[PDB]
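**Q** Numbering (the authors' numbering), first residue to last: 1 to 161.
Ideal placement from N, C-alpha and C gives every residue a C-beta, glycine not left out.
1) For residue 139, name the three-state secondary structure that DSSP assigns.
2) Would you identify the three-state DSSP class for residue 58, choosing helix, strand or coil?
3) Do residue 145 and residue 151 have their beta-carbon atoms positioned less than 9 Å apart in this structure?
4) Would DSSP call residue 117 helix, strand or coil?
5) Pairing CB atoms from the region 123-135 with CB atoms from the region 81-92, are three or more of them under 8 Å?
6) When the Cβ atoms of the region 22-39 are set against those of the region 103-121, are three or more pairs found closer than 8 Å?
7) Quick check on residue 97: does DSSP put it in helix, strand or coil?
8) Select from 78, 155, 89 the residue whose C-alpha is nearest the C-alpha of residue 46.
9) Residue 7 and residue 51: beta carbons closer than 9 Å?
10) Starting from the C-beta of residue 75, find all residues in its chain whose C-beta is less than 7 Å away, skip the five residues before and the five after it, and write them out in chain order.
Here it is, written out as structure tokens:
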């Protein structure tokens, strides 16, 4: 218990748009998932990549030392700013989360649903937000919300490290 299989990028110029980032991550390593975060409320952008490996993370982190059009991008491990739900029903559609994070925060970084088999898999779901200061309050609320007699459970930390 302690691995950094998941990395985050910061700065992200126009010059490192999704198409461009895609070129780089596939030349780093094997990867499960990849996304960017358009954070229109701030100048700098972010992105997130589930390499699912430690050697994957190093291949990303090392790739940081290449400037890209006057905005040197920053690659590191992921920080604890990921909420994830566990005890939750599958009817939490990805759209629903983008509504709910606008309703409590305003802004999110990224939003991952599970895909095991079909839908009826009772796996867990994982969402990243810049909004982490208010997320510390939201956790506390949601960690003992009631829906259909189930206590919901969420966390705001990284469930592998």
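**A** Let me lay it out:
1) In the chain shown, the residue the question calls residue 139 occupies position 139. Of the three classes helix, strand and coil, the one that applies to residue 139 here is helix, per DSSP.
2) By 1-based counting over the chain shown, the position of residue 58 is 58. Residue state, collapsed to three classes: helix.
3) Counted from its first residue, the chain shown places residue 151 at position 151. Counted from its first residue, the chain shown places residue 145 at position 145. A contact, by the Cβ cut-off of 9 Å.
4) Counted from its first residue, the chain shown places residue 117 at position 117. Of the three classes helix, strand and coil, the one that applies to residue 117 here is coil, per DSSP.
5) yes
6) yes
7) Residue numbering aside, residue 97 sits at position 97 when the chain shown is read from its first letter. Reduced to three states, the DSSP call for residue 97 is helix.
8) Taking the chain shown and counting its residues from 1, one reaches residue 46 at position 46. Answer by Cα proximity: 78.
9) Here residue 7 refers to the residue found at position 7 of the chain shown. Here residue 51 refers to the residue found at position 51 of the chain shown. Against a cut-off of 9 Å, the Cβ pair of residue 51 and residue 7 comes out as a contact.
10) In the chain shown, residue 75 corresponds to position 75, counting from 1. Same-chain partners within the cutoff: 7, 9, 60, 61, 63, 64.
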